[PDB]
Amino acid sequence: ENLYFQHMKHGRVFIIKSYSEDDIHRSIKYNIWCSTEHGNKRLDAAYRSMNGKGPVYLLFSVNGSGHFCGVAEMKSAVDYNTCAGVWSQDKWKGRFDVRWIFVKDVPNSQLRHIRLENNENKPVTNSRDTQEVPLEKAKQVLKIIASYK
C-alpha cells in the first residue's frame, strides 16, 4: 500500500491551464510561473495564508492536450512588477517562483473520474485555469499522477 498522500492535512492544490507548450518548457527550465491578474491574486492569497504550514501544489495541463504534464509547488509570493514579454505571448504581468516536482504526461482518462464538488461535480479534467481542488480530491489526483507509468 501507499498511504503517503492520504495523511497530509494542510495544503492547497490548484489546476494550472496553459495555452502554450513553450511556457511549460520555460517554467520547468527557470522554476517560475505567471497567471492572469485574477489567477495571480488567487494563488498569492492561498500562498500567503498558507504561511509555510503546508504546500501549494500546481497541477499543470496544456489546454486541448488531453493530459496533465506535471506537478509543481508554489515557492514564493507573486512579484507583480517584473520584466514584460518573457513568455510566448505578452499578456502577463508579474512572476512567482515554483519548484517542479513531477514532469510526466498523465492522460485525462486516468483522472476524468475524479469530480470536483466545488465546480458543479465536473471532472477535474474539465477545469479552467486556477480552479482550486478540494484537498481530499487532490490527494486522489496526486496518487494517480505518482502511480502512472
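Position 1 is the first residue in the sequence shown; the rest follow in order. Only the largest set of C-alpha atoms that superpose within 1.5 Å between the two forms is called the rigid core.
The higher RMS C-alpha distance to the shown form in 9 other deposited structures of this protein, out of 41 to 49 and 81 to 89, belongs to 81 to 89, with every structure fitted on the core. Higher mean CA temperature factor between 119 to 127 and 46 to 54: 46 to 54, per the PDB entry. Of the two segments, 4 to 12 and 139 to 147, the one listed with the higher mean B-factor is 4 to 12 (C-alpha atoms only). Ranking 87, 68, 102, 33 by the C-alpha B-factor listed in the PDB entry places 102 at the top.
In this structure the maximum Cα B-factor among 109, 82, 27, 63 is found at 109.
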